[PDB]
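Step one of this worksheet: look at the structure below.
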Amino acid sequence: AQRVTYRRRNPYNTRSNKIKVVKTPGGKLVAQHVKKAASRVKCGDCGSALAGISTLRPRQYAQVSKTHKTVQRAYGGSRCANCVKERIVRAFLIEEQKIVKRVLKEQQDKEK
Amino acid sequence: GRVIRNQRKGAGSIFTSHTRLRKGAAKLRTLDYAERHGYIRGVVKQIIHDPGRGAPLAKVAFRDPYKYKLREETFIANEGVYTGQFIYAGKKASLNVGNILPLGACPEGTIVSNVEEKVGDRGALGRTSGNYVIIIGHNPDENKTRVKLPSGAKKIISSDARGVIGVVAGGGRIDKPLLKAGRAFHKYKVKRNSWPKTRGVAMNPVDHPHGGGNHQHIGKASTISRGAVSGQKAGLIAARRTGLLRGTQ
Amino acid sequence: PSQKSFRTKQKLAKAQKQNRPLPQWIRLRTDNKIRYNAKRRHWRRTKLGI
Amino acid sequence: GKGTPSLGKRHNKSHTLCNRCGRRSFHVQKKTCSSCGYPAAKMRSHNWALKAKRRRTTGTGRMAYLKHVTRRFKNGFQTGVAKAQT
RNA sequence: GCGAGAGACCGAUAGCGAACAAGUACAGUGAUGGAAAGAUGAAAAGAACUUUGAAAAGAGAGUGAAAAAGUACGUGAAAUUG
RNA sequence: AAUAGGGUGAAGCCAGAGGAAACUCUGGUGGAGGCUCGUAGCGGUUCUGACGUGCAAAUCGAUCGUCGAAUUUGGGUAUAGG
RNA sequence: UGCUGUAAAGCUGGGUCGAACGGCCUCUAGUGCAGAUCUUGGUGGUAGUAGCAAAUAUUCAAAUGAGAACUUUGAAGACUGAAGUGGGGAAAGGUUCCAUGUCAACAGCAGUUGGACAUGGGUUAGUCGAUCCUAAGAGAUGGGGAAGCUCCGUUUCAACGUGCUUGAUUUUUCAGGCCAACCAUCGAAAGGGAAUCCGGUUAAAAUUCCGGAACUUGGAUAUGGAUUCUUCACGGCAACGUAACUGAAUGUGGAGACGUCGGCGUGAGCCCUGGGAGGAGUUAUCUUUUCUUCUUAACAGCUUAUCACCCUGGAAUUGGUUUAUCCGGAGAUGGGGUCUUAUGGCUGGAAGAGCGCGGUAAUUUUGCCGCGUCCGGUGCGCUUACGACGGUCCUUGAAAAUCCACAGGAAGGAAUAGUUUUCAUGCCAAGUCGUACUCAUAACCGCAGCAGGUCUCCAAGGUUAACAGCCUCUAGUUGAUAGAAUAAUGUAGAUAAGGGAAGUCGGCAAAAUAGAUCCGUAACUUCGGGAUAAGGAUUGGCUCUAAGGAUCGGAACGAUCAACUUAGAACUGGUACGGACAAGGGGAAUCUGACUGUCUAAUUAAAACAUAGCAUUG
RNA sequence: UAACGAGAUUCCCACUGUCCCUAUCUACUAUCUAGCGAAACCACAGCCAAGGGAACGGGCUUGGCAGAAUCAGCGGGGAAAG
RNA sequence: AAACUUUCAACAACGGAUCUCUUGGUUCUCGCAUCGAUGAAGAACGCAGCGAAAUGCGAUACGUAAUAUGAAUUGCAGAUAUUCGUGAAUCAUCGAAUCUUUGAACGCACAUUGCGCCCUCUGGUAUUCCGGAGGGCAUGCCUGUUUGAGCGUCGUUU
Ligand SMILES: CC[C@H]1CN2CCc3cc(OC)c(OC)cc3[C@@H]2C[C@@H]1C[C@H]1NCCc2cc(O)c(OC)cc21
Ligand SMILES: [Mg+2]
Ligand SMILES: [Mg+2]
Ligand SMILES: [Mg+2]
Ligand SMILES: [Mg+2]
Ligand SMILES: [Mg+2]
Ligand SMILES: [Mg+2]
Ligand SMILES: [Mg+2]
Ligand SMILES: [Mg+2]
Ligand SMILES: [Mg+2]
Ligand SMILES: [Mg+2]
Ligand SMILES: [Mg+2]
Ligand SMILES: [Mg+2]
Ligand SMILES: [Mg+2]
Ligand SMILES: [Mg+2]
Ligand SMILES: [Mg+2]
Ligand SMILES: [Mg+2]
Ligand SMILES: [Mg+2]
Ligand SMILES: [Mg+2]
Ligand SMILES: [Mg+2]
Ligand SMILES: [Mg+2]
Ligand SMILES: [Mg+2]
Ligand SMILES: [Mg+2]
Ligand SMILES: [Mg+2]
Ligand SMILES: [Mg+2]
Ligand SMILES: [Mg+2]
Ligand SMILES: [Mg+2]
Ligand SMILES: [Mg+2]
Ligand SMILES: [Mg+2]
Ligand SMILES: [Mg+2]
Ligand SMILES: [Mg+2]
Ligand SMILES: [Mg+2]
Ligand SMILES: [Mg+2]
Ligand SMILES: [Mg+2]
Ligand SMILES: [Mg+2]
Ligand SMILES: [Mg+2]
Ligand SMILES: [Mg+2]
Ligand SMILES: [Mg+2]
Ligand SMILES: [Mg+2]
Ligand SMILES: [Mg+2]
Ligand SMILES: [Mg+2]
Ligand SMILES: [Mg+2]
Ligand SMILES: [Mg+2]
Ligand SMILES: [Mg+2]
Ligand SMILES: [Mg+2]
Ligand SMILES: [Mg+2]
Ligand SMILES: [Mg+2]
Ligand SMILES: [Mg+2]
Ligand SMILES: [Mg+2]
Ligand SMILES: [Mg+2]
Ligand SMILES: [Mg+2]
Ligand SMILES: [Mg+2]
Ligand SMILES: [Mg+2]
Ligand SMILES: [Mg+2]
Ligand SMILES: [Mg+2]
Ligand SMILES: [Mg+2]
Ligand SMILES: [Mg+2]
Ligand SMILES: [Mg+2]
Ligand SMILES: [Mg+2]
Ligand SMILES: [Mg+2]
Ligand SMILES: [Mg+2]
Ligand SMILES: [Mg+2]
Ligand SMILES: [Mg+2]
Ligand SMILES: [Mg+2]
Ligand SMILES: [Mg+2]
Ligand SMILES: [Mg+2]
Ligand SMILES: [Mg+2]
Ligand SMILES: [Mg+2]
Ligand SMILES: [Mg+2]
Ligand SMILES: [Mg+2]
Ligand SMILES: [Mg+2]
Ligand SMILES: [Mg+2]
Ligand SMILES: [Mg+2]
Ligand SMILES: [Mg+2]
Ligand SMILES: [Mg+2]
Ligand SMILES: [Mg+2]
Ligand SMILES: [Mg+2]
Ligand SMILES: [Mg+2]
Ligand SMILES: [Mg+2]
Ligand SMILES: [Mg+2]
Ligand SMILES: [Mg+2]
Ligand SMILES: [Mg+2]
Ligand SMILES: [Mg+2]
Ligand SMILES: [Mg+2]
Ligand SMILES: [Mg+2]
Ligand SMILES: [Mg+2]
Ligand SMILES: [Zn+2]
């Protein structure tokens, strides 16, 4: 079987020196240098992988269109759907209770 | 003779602490206006392992009172503190586990941790896992508080000094045997170079005051004066007594 | 090695240029005393120390 | 194995060429020349090594400027040009 | 250091380490250590040419006052050797 | 950055059998351990083998210890002569 | 050649030689050698002696040459045997690379050969590295010590911006608006990191050259599209979708960015295999046979997934479900969807390339022509990548540069027209240094062409548990002074009647055992072990039998396809059979250290050190 | 004190050239040749017996004796070398 | 008797003593006072018609200018080189210059031929991007200039 060599001066099996074995149109088995695998964009609240967002190595986000990097919603490419939903419900309920506690305070600032 | 292993540690070449993996210094907030006059509220974001520490640390996010910003603090996690818990710090903070209060605002018998020796030093006393400080009493006329430290010592601290209500998490760690040299190796691998220890009696007279002899033996009293000099203080330094502790102390 | 600095490669260029035999027309000059280049260097024998 | 076997593990230079004196005495990790003392402002020299002073002193190089100070002094440090005789 | 004049000095294992492409060659990671090595002849006139030999060389010849001066060069001791 | 192939078979889990209960027995599954046999590796026990003006200023051969961690190792870096 | 003197010595004949030198009266001293394991140089005996013996191995012929054991070519015989004697690299070397010539020295024989000697030639980058970032750390500044060389310190008791962003102004002046926690700098050719592939080409260079085909960053910039009269787009219940589809200061997040092990799953390459189309080999006989070609890069488009998420619905007779038991009223099963594109498929790249054949051109630079290059299958296979999981820790397994998104709502925006280079297309540019070769039983270090040492990647067939050992394919070597004999003594290795440790300090050395299946297994025990305890049986070849699955068809059944495991039987043979290879001897006790681990490199590996555990001290 | 041990020791089974008691065989040496070619060491050297003697002589004294040139082995002596 | 061994002589070797030289050394005396930010000493790398070293020099590179002198240089070659002359050779002299990369070494950095910024000019459809040429940007301290800071502080006005 044909055997392959590294294509660069690095002779060590490091994280940035990973290779694949590929057959060329010349009928040859050569090494193809493989880039490090990209990690998924994650939610800033819960840490889960965001849907609808491309998995790219950080510099590659600069060279891709905006629809790949975001989702059409508030906090689109930053927070997930459930964490945005919980933020909205929490904000509404808490501000409602702030109004309730204010009118109640004015109710106890006129009878006691 | 030779410079002994006691004395080689002060130069701190290979005897500095291994601190690459440490998650920051555990401190209270800087004592500011909000803590001196009212309270400020933060939220627990993380409870994490600090290598070299038995106690977990809590990452707590506070708002900056003066600029639009978030301030992340590294507290020592008290047991029962959870992620998403609201932490209140200040003079007017309530007596709940995890809240940071001045010592004078805590009644007698209050269990408190990461207590300040001096007002604003951000925590000195009772910081290891399972340890705490008991508030013994108050002297409001002199603005002083009497506390009991984990060693059993009674201390008088300013009543303005702060502490965190509860017991430091991670207690009971010493209850389990290490069982292995490798376990101690991994324990000190992220602490410092103090393990393993060769017995001085097993060395030569150059290496140690206990070295030498046709049998391994100390040869002179291993209780050493407090006024002895470096290179002599090997053994039981300024020992008031020796031998098995019998009866109460 | 293949990966070398410019300063190294410049020293190796001078070391190659100094390792030549004597030009023969020099022995014909009047009052000439040099019979051969006495500062030859073989790669395996004497190292450059660079 | 402290002789021949240990001598086979020598491939990490402690010293490289110095920029001031070009001698291969520049300690890489110390960033200092053991010969001329670079990068210190002064040149490294000792009275207990007189032969070392001999090896590197005035006259062992070109003296591209001190060559001519004596000849300029003998003429009183002339300014101008020589005048052609009639 | 620069420029001079000298000596009851040494005479190439001496005199400076160095009379010479000497602080050179070379060693050492490094600080440093550090040699050996002058002389054909007045002049290369450094042996054209022939011959044997694969060649180096040899044998004739030639130059020279001398080749009992041929660069493996003045003289050419001893050990050692034919 | 590196470390064949086997053995043993810890928790946890599934099923069956027995029991009034407190609980017990059996068959699987699972894949623990500074566990074990044993390569590479790392080491260096014995022959008191070879060699001992050596291949070698420490090697060679067989035999042997250990071989998933207190493991082995490159490079970078720190510690310097009482 | 002699003479003189007791002598230290003086004189003289002959030969050689070529430029200075002596007697006498005095002066002066670095003034007399057999020794100092004296110093430097030179030379012997030893002595044509010790020796030139590891790494299986060479042989015939031709060519060349004065000369061939050693050079070249051919033929053969071998070996390394993919953890290589193969193909590359890091450190280190530095021209050893290639061609031509060449043999004085060197290659411990030789030499026509060479890593030698001589003369030339040779290393091509926007995409590979360096360069940049920060790591452990190193280290200026402000300061503070120190007689001082210098020491401390790394933002520190400092008034620390050669600040940016705009509207500009052409008034080459400005107007301001924001900030200044941190932030000198150096520190990785294995960490982090913008972007390139295939085919061809040289004597020697190639991810660098040639041909073709791409990509990134920075800049410039127009057209098309998109958007606006509801000014800064629509659709979907939703997960979210798209060719686009404003967004300042400031803020919040994400990526960069992360241990190790275990089994499982998927892919790729390799291994195996059927048909067909070619070529070669065997052919007394047999063999629809044995070997070999049948390939497809980066890049672009469409499609493709475990996990995760959304909508519906409302669950005990609890159901779903993994090799591994986890999930569900905090919403399971069921039904329908969304997403990441890891990975595969199709197409473009691209057959025009490469490969395999056949037929022709020619001193001939170099070719020209024709045909084919197709369709499958298989898996506890090997390696490797990824995935979803599970275990583990008093151990929880870098940082920074850099890139993006989001929050916020400053500012600016249309109708006869307005905005934007995160949509498509188009234009320009990408500097500097390295790049040859060796990487080792001859290119490095050990004084050397030294059996030592020196980091790492790829990895075929058979046997087998096996990447072991043994044999072989590709590739590479056939190098190590040779010839003739075969005494003693050796060194390495074998065998041995009968006895069986009587040898010896001592079973040192050697022998014996050894794989697998089945049976059987004691004391003691910290209950985990001891244990492969001990101790037995079997094992080949051949011919059979049985069991163990997948996908389809509406079935306890049919069709098709498929892997090697296990068990049983008959027969068979000089009773052999883990047939080479590979591969524990065992037991009863005492001393001692609990164990795994560690040290005297180069005479001691141990009972020594360490260790968990225990205790004391501050 | 279970387990573990290249630790020290005793006994038993198996096993055997450890031994009785040796023999045979293979390769590489040694050996002989062509080529190549060191070193240690060296006062001078090299036959014994007795004597005396610095009390253990190659040399001296007295005897025995004594014939070129040598090869392979060998380890008594050279109070051999280091 | 040869051979062999030993001694001697002759011739030839080996080796380099002896003799004789000497642009070197050593020591004594006399006279003189001159390195560097106007960039030294030192280092690296280059430079010749044909050069490796030593010597000299710096991209103007075994040297340019100038003064003096007056026909060479030389191992070979060769002038668009020279001879009653602005003329060969010349570290003869020397007063004008050139003086790479560095080095106290100075934009920052340096195990890198790494990275800036400012001014003028210039090329590419460019105040901003890319290229090129030239000139600049170190620190401590002194005098002065300008711009500032401080309820340190003087005068005046609500
Ligand atoms: C031609 C090769 C054989 C010849 N024969 C003849 C008979 C025989 C008989 C033996 O005993 C019956 C014996 O005992 C050992 C050796 C021999 C020798 C050994 C030699 C090879 C051997 N030479 C020495 C060491 C060695 C090392 C290796 O790596 C290695 O691999 C190729 C091989 C070797
Ligand atoms: Mg890298
Ligand atoms: Mg999207
Ligand atoms: Mg201890
Ligand atoms: Mg201890
Ligand atoms: Mg000791
Ligand atoms: Mg003492
Ligand atoms: Mg004492
Ligand atoms: Mg003692
Ligand atoms: Mg002792
Ligand atoms: Mg003791
Ligand atoms: Mg006592
Ligand atoms: Mg009592
Ligand atoms: Mg170092
Ligand atoms: Mg001399
Ligand atoms: Mg001398
Ligand atoms: Mg002479
Ligand atoms: Mg004569
Ligand atoms: Mg003569
Ligand atoms: Mg002579
Ligand atoms: Mg003689
Ligand atoms: Mg183990
Ligand atoms: Mg083991
Ligand atoms: Mg060994
Ligand atoms: Mg031995
Ligand atoms: Mg021997
Ligand atoms: Mg290391
Ligand atoms: Mg004369
Ligand atoms: Mg006279
Ligand atoms: Mg004398
Ligand atoms: Mg003498
Ligand atoms: Mg004497
Ligand atoms: Mg002597
Ligand atoms: Mg001598
Ligand atoms: Mg011999
Ligand atoms: Mg031998
Ligand atoms: Mg083989
Ligand atoms: Mg193998
Ligand atoms: Mg290699
Ligand atoms: Mg070659
Ligand atoms: Mg030879
Ligand atoms: Mg020869
Ligand atoms: Mg050469
Ligand atoms: Mg790159
Ligand atoms: Mg740091
Ligand atoms: Mg400092
Ligand atoms: Mg300072
Ligand atoms: Mg850097
Ligand atoms: Mg890097
Ligand atoms: Mg990392
Ligand atoms: Mg290519
Ligand atoms: Mg190549
Ligand atoms: Mg191209
Ligand atoms: Mg796995
Ligand atoms: Mg596959
Ligand atoms: Mg690519
Ligand atoms: Mg296609
Ligand atoms: Mg995990
Ligand atoms: Mg290459
Ligand atoms: Mg080697
Ligand atoms: Mg070498
Ligand atoms: Mg051999
Ligand atoms: Mg027998
Ligand atoms: Mg028998
Ligand atoms: Mg018996
Ligand atoms: Mg016995
Ligand atoms: Mg006995
Ligand atoms: Mg006996
Ligand atoms: Mg006995
Ligand atoms: Mg044994
Ligand atoms: Mg058994
Ligand atoms: Mg032990
Ligand atoms: Mg030892
Ligand atoms: Mg020692
Ligand atoms: Mg030992
Ligand atoms: Mg052990
Ligand atoms: Mg004697
Ligand atoms: Mg006698
Ligand atoms: Mg006697
Ligand atoms: Mg004697
Ligand atoms: Mg006699
Ligand atoms: Mg002998
Ligand atoms: Mg003897
Ligand atoms: Mg003389
Ligand atoms: Mg003189
Ligand atoms: Mg660097
Ligand atoms: Zn220097």
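Hydrogens, waters and symmetry mates play no part in the numbers below; they use all other heavy atoms, side chains included. Order of the sequence lines fixes the chain letters, A, B, ..., with proteins taken first and strands second; residue numbering starts at 1 for each chain.
Under a 3.5 Å limit on both donor-acceptor distances, the bases of G:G541 and G:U201 fail the Watson-Crick or G-U wobble criterion. Base pair annotation for G:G142 with G:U49: unpaired, by the Watson-Crick or G-U wobble rule (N1-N3 plus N6-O4 or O6-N4, or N1-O2 plus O6-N3, under 3.5 Å). Base-pair annotation: G:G45 with H:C41 meets the Watson-Crick or G-U wobble criterion (two N/O distances, each under 3.5 Å). With both hydrogen-bonding distances under 3.5 Å required, G:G44 and G:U604 do not qualify as a Watson-Crick or G-U wobble pair. With both hydrogen-bonding distances under 3.5 Å, G:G568 and G:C544 qualify as a Watson-Crick or G-U wobble pair. Nucleotides G:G352 and G:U288 fail the base-pair criterion, which asks for a Watson-Crick or G-U wobble arrangement whose two donor-acceptor distances both fall under 3.5 Å. Between G:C437 and G:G93, both key atom distances fall under 3.5 Å, giving a Watson-Crick or G-U wobble pair. Geometry at I:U73 and F:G44 does not meet the Watson-Crick or G-U wobble definition with both required distances under 3.5 Å.
Taking the side chain of C:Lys47 as heavy atoms from C-beta on, and the options I:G95, G:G94, E:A31, the nearest nucleotide is G:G94. Side-chain proximity of B:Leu244 to G:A615, G:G452, F:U79: nearest is G:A615. Of the listed nucleotides (G:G129, G:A442, I:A41), I:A41 has the atom at the smallest distance from the side chain of D:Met43. Picking from I:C45, G:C406, G:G89 the nucleotide with the shortest atom distance to the side chain of A:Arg9 gives G:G89. Here G:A190 is the nucleotide among G:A190, G:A460, G:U454 with the atom lying nearest to any side-chain atom of A:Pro11. Taking only side-chain atoms of B:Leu245, from C-beta outward, the nucleotide of G:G94, I:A53, G:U617 with the closest atom is G:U617. The D:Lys9 side chain lies nearest to G:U454 when the options are F:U79, I:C110, G:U454. For A:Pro25, whose side chain is taken as the heavy atoms from C-beta onward, the closest listed nucleotide among G:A350, I:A52, G:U95 is G:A350. In the set G:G618, I:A111, F:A58, the nucleotide with an atom closest to the side chain of B:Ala238 is G:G618. In this structure, the nucleotide among G:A118, G:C406, G:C609 sitting nearest to the side chain of C:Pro21 is G:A118.
Side-chain proximity places D:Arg62 in the major groove, at under 5.0 Å from its base atoms.
Side-chain contact of B:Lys9 with B:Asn193: a donor-acceptor pair under 3.5 Å is absent, judged by distance alone.
Not one side-chain nitrogen or oxygen of A:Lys35 sits closer than 4.0 Å to the OP1 or OP2 atom of G:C215. Listed pair C:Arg41 / G:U95 meets the phosphate criterion, a side-chain N or O lying under 4.0 Å from OP1 or OP2. Between D:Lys13 and E:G30, a side-chain N or O to OP1/OP2 separation shorter than 4.0 Å is absent. OP1 or OP2 of G:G446 has at least one side-chain nitrogen or oxygen of D:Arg10 nearer than 4.0 Å.
Heavy atoms of A:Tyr61 sit under 4.0 angstrom from primed sugar atoms or phosphate atoms, though from no base atom.
You can call D:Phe73 stacked on the base of I:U34; the centres are under 5.5 Å apart and the planes sit within 30°. An aromatic stacking contact links A:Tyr12 with the base of G:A190, defined here by ring centres under 5.5 Å apart and ring planes under 30° from parallel.
If you measure from atom CD of C:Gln3 to atom P of G:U432, you get 19 Å, rounded to the nearest angstrom.
In this structure G:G108 sits in the syn conformation; its chi angle is within 90° of 0. An anti base is found at G:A429: its glycosidic angle is more than 90° from 0. Look at H:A79: its glycosidic torsion is within 90° of 0, and that puts it in the syn range. A syn orientation is assigned to G:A480, its glycosidic angle lying within 90° of 0.
For I:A37, there is no paired nucleotide, since no Watson-Crick or G-U wobble pair has both relevant distances below 3.5 Å. Base pairing of G:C299: its partner is G:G348, meeting the Watson-Crick or G-U wobble criterion (both donor-acceptor distances under 3.5 Å). Pair check for G:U246 finds G:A411; Watson-Crick or G-U wobble, both atom distances under 3.5 Å. Applying the Watson-Crick and G-U wobble criteria (two distances, each under 3.5 Å), G:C60 pairs with G:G74. Across all strands shown, F:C13 pairs with F:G28; the Watson-Crick or G-U wobble distances both stay below 3.5 Å. Using Watson-Crick or G-U wobble geometry with both donor-acceptor distances under 3.5 Å, I:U7 finds no partner in any strand shown. Pairing for G:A305 is absent, with no Watson-Crick or G-U wobble pair whose two atom distances lie under 3.5 Å. Nucleotide G:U366 forms a pair with G:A361, judged by Watson-Crick or G-U wobble geometry with both contacts under 3.5 Å.
Ring orientation note: the planes of B:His208 and B:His210 are nearly perpendicular, at an angle over 60° on the 30°/60° scale.
For the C1' atoms, the distance linking G:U266 with G:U304 amounts to 13 Å, nearest Å.
On a pure distance criterion of 3.5 Å, no polar donor-acceptor pair joins the side chain of D:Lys51 and the base of E:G17. Not a single donor-acceptor contact under 3.5 angstrom links the side-chain atoms of A:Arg3 to the base of G:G87.
When each of C:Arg35 and D:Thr60 is assigned the nucleotide of RNA chain E bearing its nearest heavy atom, the one mapping closer to the 5' terminus is D:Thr60. Nearest-nucleotide positions on RNA chain I place D:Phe77 closer to the 5' end than the other of C:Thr30 and D:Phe77.
Although no hydrogens or angles enter the test, the distance criterion places no donor-acceptor pair under 3.5 Å between the side chain of D:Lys31 and the main chain of D:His27.
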